[PDB]
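Chemist: Build me a structure from this.
(one chain, ligands or ions: 2)
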Amino acid sequence: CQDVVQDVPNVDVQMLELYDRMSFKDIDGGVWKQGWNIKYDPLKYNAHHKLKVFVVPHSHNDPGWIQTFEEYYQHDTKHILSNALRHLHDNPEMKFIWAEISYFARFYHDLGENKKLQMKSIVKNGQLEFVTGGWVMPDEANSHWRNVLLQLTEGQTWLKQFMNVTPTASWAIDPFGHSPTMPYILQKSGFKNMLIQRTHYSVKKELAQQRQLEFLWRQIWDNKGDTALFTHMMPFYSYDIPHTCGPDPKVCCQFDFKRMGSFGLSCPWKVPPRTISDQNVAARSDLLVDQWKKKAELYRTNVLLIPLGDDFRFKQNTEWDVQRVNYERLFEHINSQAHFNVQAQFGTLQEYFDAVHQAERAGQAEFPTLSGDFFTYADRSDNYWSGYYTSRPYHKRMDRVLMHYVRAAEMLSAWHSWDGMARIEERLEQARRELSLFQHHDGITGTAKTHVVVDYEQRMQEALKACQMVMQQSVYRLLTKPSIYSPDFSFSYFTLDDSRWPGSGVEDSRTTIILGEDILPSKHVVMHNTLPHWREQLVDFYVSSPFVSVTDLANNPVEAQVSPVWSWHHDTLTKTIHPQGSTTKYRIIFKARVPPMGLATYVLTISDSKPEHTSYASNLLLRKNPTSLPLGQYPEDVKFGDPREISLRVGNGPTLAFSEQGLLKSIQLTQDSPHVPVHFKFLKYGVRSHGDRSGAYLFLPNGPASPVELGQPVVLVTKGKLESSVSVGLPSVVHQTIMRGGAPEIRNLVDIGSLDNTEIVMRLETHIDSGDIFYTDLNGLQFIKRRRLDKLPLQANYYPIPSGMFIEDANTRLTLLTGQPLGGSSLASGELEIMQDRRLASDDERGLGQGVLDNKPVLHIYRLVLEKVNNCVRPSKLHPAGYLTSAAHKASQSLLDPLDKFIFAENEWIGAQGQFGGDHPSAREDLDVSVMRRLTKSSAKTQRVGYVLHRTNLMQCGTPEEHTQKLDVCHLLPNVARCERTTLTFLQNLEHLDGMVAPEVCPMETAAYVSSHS
Ligand SMILES: *[C@H]1O[C@H](CO)[C@@H](O)[C@H](O)[C@H]1NC(C)=O
Ligand SMILES: [Zn+2]
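Modeler: Numbering: from 1, shown residues only. Ligands and ions are numbered 1, 2, ... in the order given. For reference, the structure is listed below:
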């Protein structure tokens, strides 16, 4: 195993280093506005060394953006695919690449058999080529790597099955900035090449000047280079035709033959395309070839990529003809005119890369190595696309919830083979596809029109319901005596209970477990732990009486705490934000202990009075002018007081001090250690009154954020033996700090309401001497070092915070983990900040045609980890990565993959069992079974189950290792006949494993295994 901490990779281009050096001046470079006038030596190409040009037709089809997926499919995409089928069938030399399999699968399934055969034929013969082959072309900033893999697999499994092809070249022309997470997954999924387009214009300029637009992109910690994936970065401002034939859009526009009038399109540079004829073909070729040779100067081989396409192009048959015929006249003239020394033709993406590598292999070029990412993207001037790291945060949070439900559903149902009648496969496929669809770069990015966002939400909601059905049928089967198990596949044996989604104050969706001597004395509940190690976590349930005790299935008492159910109300009469306690339902909380990838059953029983093992939290409402807060049968009276500073400590955990406004001000790790200054503060960014406006994409603040005026907020303090909390009703945010004995959990119920042109940010102020350094993660896969650059505007120093961020000095680190992707930064030494929501009245000119005025209440969750790191073995100062500690990593897992909770829905569960998986291996803490998915239906003689195993890398800080067993996923199910290591999509077998044993992987590595069972 490579050491991912101590050896700094030596690469030709390291993006953080490059950023530190570049000036980013936005100078008018002439026709190539963000470059310079490219010059070339006409003698470079000659009879013995021609410029081979591949014109690659394409059509960017967004699976929802300004229309929904189905509206685009009906209005555009099915026509584009129907016409591509016909035109390619009829013109053997024409080529076309297709990226979005969600649309392709939708189309293909609707085709009659004759057409399906024709389609398979033009794919088999090389005319229609799939690039990437994912369900979508995902966002690369907010997406979790697990979902990026899911959607890649969903599209590629479909392609393998129906088209019998697996793309090895990736095409990503529209995500707003690019992540090294893509080559990481692609290279482990059989890919050999990839292409990206939206990178900062200064980066394009800089790499173009060094002919570093093509590089072997390896991971920032990869010293050896085995993660390397050849990457082609396009040079220009857009993937449209004006910006893909060469440096001068005014000339390239003349070669987009769809811009002539009848199609309603034209060239904004005022020179229109002209039909090619024998009389103008030489002059038109003179121009075009000159653009091609200029573009070629930016690369190292004699093979040139010329994308030919734009959004939803190649729709009309007349469009296919006008593009094809004119280009064919150009090629016939150009290839027969020796003085150009060019051979041009239509080609596919793979053809381009194959030829590039043939040149490489002929020793014609050597490519630079590169590590780093391509955030935050700016397409021009100071228009940095960091706004979408936060836009529509409700759905960004919903993405992580569904991410986990899909994993839990596939995992829980994987243990058994299911009769087709149970419709397990059907529900899982729907869930995977709706979550996969949302990975689209107008999905989770929050950059779609309002009615499209609604479509994605509805799709995700049905996916959540599908996961729940599968999960609950699976639990019932796993914990019921086999000879008693009598499933009704449409029956709800259990109701899932989720305490954080939609979340208290977002939706009253949790069921109350109703107990009573005259109706039901007790209720079984079950917890599932998708993580491959024994895990304890507090869980809570609403119950109709505060007098409830908990026992496990051996009937041992489990210590529990009951607290009131508090809801905050923006009281439009008193004009205050204050809490009301339920007088009919209460929260019972207890520590569940659950086996690795397993289940544990508990029982909640009512009694007429306080049970022996249940304690009650005290509650204190701090505000001037209080009124009574009755809590029905709750046994402890609420106390009142004027606002004041308070301190709390749960268990042996840290002691936290809060200001009289209910906000954290310090953390004391142990009883005599210092009260470390850690202050939460909420601020607001506005929008510029002149100049460019922030929108769904762009963050264009009118200066540093200003503090939210808090007034004298109502602060509620609940103190219990297992869980205490401090909640405060601030304008737009009910901010809650929850303590359970370790790092606190922070929850913000964010309702930006009607505050127009406002972005609410949550900032942490500490005295950590972090200087200009901070770390943020990329797709929940790795942490990359960021350096705040004052030579760039504030919005450029904002980065995606998909799952966590931290600052540290030599001795102390503060890590903020998130249950949802949001944008954030460290704008000053000792600070961390992360945007909560943003509401913008204006469109920001990237085509969306609206601002963001559809905000809705969202419950953001976090874990805040203050730690000493002076004893941790950290990377050197020059290393571009950072790594979590055991505690921060576990804190991230508690947000992304909490225990799942199930309430038995009927009065009595006959044949109930207490636990499942007590014999599953409890693997080392840095290892995760990211995916467990049965790959065969029940009628398959040889059953196959796929596993994706990921090991992160945690810092060694002096804590002795301890126990753990080796996890061999191939022996998790019985009767194993074969164990194979495979690509991450499970589509290709890479290694037959001796003894049918699946080895664990190395730190930061990810492997996929498939076990076959007789
Ligand atoms: C397709 O898969 C591979 C690639 O061509 C080939 O060897 C095999 O014969 C094909 N199978 C078909 C046509 O289904
Ligand atoms: Zn797009």
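Chemist: So which residue is dead centre in this structure?
Modeler: Closest residue to the average C-alpha location of the chain: residue 143 at 1.4 Å, with Cα atoms, centre = their mean.
Chemist: Now do the nearest residue to that one once chain neighbours are set aside against ligand 2, distance only.
Modeler: The shortest distance from residue 143 to any non-neighbouring residue, by Cβ to Cβ, 6 or more residues apart in numbering, is to residue 439 (5.2 Å). Every C-beta, even on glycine, is put in place using the N, C-alpha and C of the backbone. Taking Cβ to the ion, to the nearest Å as the measure, residue 439 falls 12 Å from ligand 2.
Chemist: Kindly list the main-chain dihedrals of residue 439?
Modeler: Backbone torsions of residue 439, given as degrees, to the nearest 10, read phi -70, psi -10.
Chemist: Residue 132 too?
Modeler: Backbone torsions for residue 132, taken as degrees, to the nearest 10, come to phi 70, psi -60.
Chemist: May I have the secondary structure class of the residue nearest to it when sequence neighbours are not counted?
Modeler: Excluding its sequence neighbours, the residue lying closest to residue 132 (Cβ to Cβ, 6+ apart) is residue 170, at 4.2 Å. Classification of residue 170 by DSSP: H, G, I helix; E, B strand; the rest coil places it in strand.
Chemist: How about the residues of the stretch 51-200 of the chain by ligand 2?
Modeler: Within the stretch 51-200 of the chain, the positions lying close to ligand 2 (Cβ under 5 Å from the ion) are 62, 174.
Chemist: my bad, should have said the chain
Modeler: Counting by Cβ under 5 Å from the ion, the residues of the chain near ligand 2 are 62, 174.
Chemist: Closest residue of the chain to ligand 2?
Modeler: residue 174 (3.4 Å; Cβ to the ion).
Chemist: Return the residues in contact with the nearest residue to residue 996 once chain neighbours are set aside.
Modeler: Take residue 996 and drop its neighbours on the chain: the residue closest to it by Cβ to Cβ, 6+ apart is residue 979, 4.0 Å away. Shown in contact with residue 979 (Cβ atoms under 8 Å, 6 or more residues apart in numbering): 970, 992-993, 995-998, 1009-1012.
Chemist: Enumerate the beta-bridge partners assigned to residue 979.
Modeler: Using DSSP bridges, the bridge partners assigned to residue 979 are residue 1011.
Chemist: State the distance from it to residue 972.
Modeler: As judged by Cβ to Cβ, to the nearest Å, residue 979 and residue 972 stand 11 Å apart.
Chemist: Likewise for residue 352?
Modeler: With Cβ to Cβ as the criterion, residue 352 and residue 972 are 43 Å apart.
Chemist: same check, this time on residue 530
Modeler: Counting by Cβ to Cβ, the gap from residue 530 to residue 972 is 13 Å.
Chemist: and for these two, which residues touch both?
Modeler: The overlap between the contact sets of residue 530 and residue 972 (Cβ under 8 Å, 6+ apart) consists of residue 597.
Chemist: And the two? Which one has more around it.
Modeler: Per other Cβ atoms under 10 Å, whichever of residue 530 and residue 972 has more neighbours is residue 530, with 26 against 23.
Chemist: Is it correct that that one is in contact with residue 407?
Modeler: Yes - using Cβ atoms under 8 Å, residue 530 makes contact with residue 407 at a distance of 5.9 Å.
Chemist: list the residues that contact both of these two?
Modeler: With Cβ under 8 Å, 6+ apart, residue 530 and residue 407 have common neighbours residue 897.
Chemist: What is the subsequent helix or strand relative to the helix or strand encompassing residue 370?
Modeler: Element membership of residue 370, judged by DSSP states H and E, is strand 369-371. Heading C-terminal from strand 369-371, the first helix or strand you meet, by DSSP H and E, is helix 393-414.
Chemist: which helices and strands does that following helix pack with?
Modeler: helix 145-163, helix 424-438, helix 450-478, strand 858-868, helix 886-896, strand 927-934 (3 or more Cβ pairs under 8 Å, 6 or more residues apart in numbering; DSSP states H and E).
Chemist: contacting residues around residue 226?
Modeler: residue 218.
Chemist: Just say helix, strand or coil for it.
Modeler: Applying three-state DSSP: residue 226 is coil.
Chemist: And stretch 781-798, what's buried?
Modeler: Neighbour-count burial for stretch 781-798 flags 781-786, 788, 792-798 (criterion: 16 or more other Cβ atoms under 10 Å).
Chemist: and what of stretch 102-109?
Modeler: Neighbour-count burial for stretch 102-109 [16+ other Cβ under 10 Å]: 102-108.
Chemist: ditto for stretch 25-43
Modeler: Buried residues in stretch 25-43, counted by 16+ other Cβ under 10 Å: 31-35, 38, 40.
Chemist: could I get those residues as JSON lines with secondary structure?
Modeler: Shown next, in JSON lines, are these (three-state DSSP):
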{"residue": "31", "secondary structure": "coil"}
{"residue": "32", "secondary structure": "coil"}
{"residue": "33", "secondary structure": "coil"}
{"residue": "34", "secondary structure": "coil"}
{"residue": "35", "secondary structure": "coil"}
{"residue": "38", "secondary structure": "coil"}
{"residue": "40", "secondary structure": "coil"}
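Chemist: Contacts made by stretch 663-675 with the rest, please.
Modeler: 645, 654-659, 676-681, 728, 735, 737, 744, 864, 866, 868.
Chemist: Can I get the buried ones among those residues as something I can paste into PyMOL?
Modeler: In PyMOL, this line selects whichever of those come out buried by 16+ other Cβ under 10 Å:
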select buried, resi 654+655+656+657+658+659+676+678+679+680+681+728+735+737+744+864+866
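Chemist: I'd say residue 934 and residue 947 touch.
Modeler: No - applying Cβ under 8 Å, one finds residue 934 not in contact with residue 947, separated by 10.4 Å.
Chemist: Just flag the most distant two among the contacts of residue 979.
Modeler: 995 and 1010 (15.5 Å; Cβ to Cβ).
Chemist: Quickly find the element holding residue 587.
Modeler: Residue 587 belongs to strand 576-594, assigned by DSSP H and E.
Chemist: My error: substitute residue 232 in the last question.
Modeler: strand 229-233.
Chemist: Equivalent analysis for residue 270, please.
Modeler: Going by DSSP H and E, residue 270 is not in any helix or strand.
Chemist: Can you read off the backbone torsions of the spatially closest residue to it that is not a sequence neighbour?
Modeler: Nearest residue to residue 270, sequence neighbours excluded (Cβ to Cβ, 6+ apart): residue 250, at 7.7 Å. When read as degrees, to the nearest 10, the backbone of residue 250 gives phi -70, psi -30.
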